């Protein structure tokens, strides 16, 4: 099974470095980790407003790190501005969920958001995410066995960022060329890594789909939050990305 070409190694260096430079708290994320108090985020009597405001206040730096990732990718930078905006709005929730899911800790059963905040399945659920909370936590639980490293995470983010099917894109064929390069590097790296899971590549492709479902859901649960909270209550960068 074929391993990376020199061009693909160079590409893998680029994405991996982009990812490491923009991953909150880096190696230290378990040390800088504050567990959100347990009284914050219990089930109402719909949306717990206290946990909602904590989540509201960290979504903005998390969206910004995704933007920083895309900007460190040379292929991304050659896209016109509106394509970049479309591509970022499309993959922001996907990449943030991946980044939270690979920080699932089975001993405490928490995800770490923003390199700093450990939340439980119940807190993220009752703070507004609803069933999408279960989706991200289930993903984290199942990714533990895939033992993804920084490079595999980086490549997954690049594959999601370079999605030519988002509505409105001008350079659809250009974007699919970029995605095809990442997918090839990603597979050849997987071949080289020799994970001890059968059909790793087909299973990873299903994870990509799991993430694209989390990303497509955030519309059904953008409205689930605007049932209670006026639009003023969300930070502006969140409103832009999610509508």
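Residue numbers count along the first chain shown, from 1.
Check the entry's C-alpha temperature factors for 153-161 and 81-89, then say which stretch has the higher mean.
Higher of the two, by average CA B-factor, is 81-89.
Mean Cα B-factor comparison, 194-202 or 174-182, giving the higher one as deposited:
The stretch with the larger mean CA B-factor is 194-202.
Deposited CA B-factor, highest of 210, 187, 39, 68
Result of the comparison over 210, 187, 39, 68: 39.
Would you mind finding, among 140, 115, 128, 74, the residue with the largest C-alpha temperature factor in the entry?
When the deposited C-alpha B-factors of 140, 115, 128, 74 are compared, 128 is largest.
Position of residue 133 among the chain's modelled residues by C-alpha B-factor, lowest, middle or highest third:
According to the entry, residue 133 has a C-alpha B-factor in the chain's lowest third.
Chain-relative CA temperature factor third for residue 60:
For residue 60, the deposited C-alpha B-factor lands in the middle third.
Tell me, lowest, middle or highest third: where does the Cα B factor of residue 19 rank within its chain?
Lowest third - that is where residue 19 ends up once the chain's C-alpha B-factors are sorted.
Third of chain Cα B-factors occupied by residue 109
Middle third by C-alpha B-factor.
Taking only the Cα B-factors deposited for this chain, tell me whether residue 120 sits in the lowest, middle or highest third.
It falls in the middle third of the chain.
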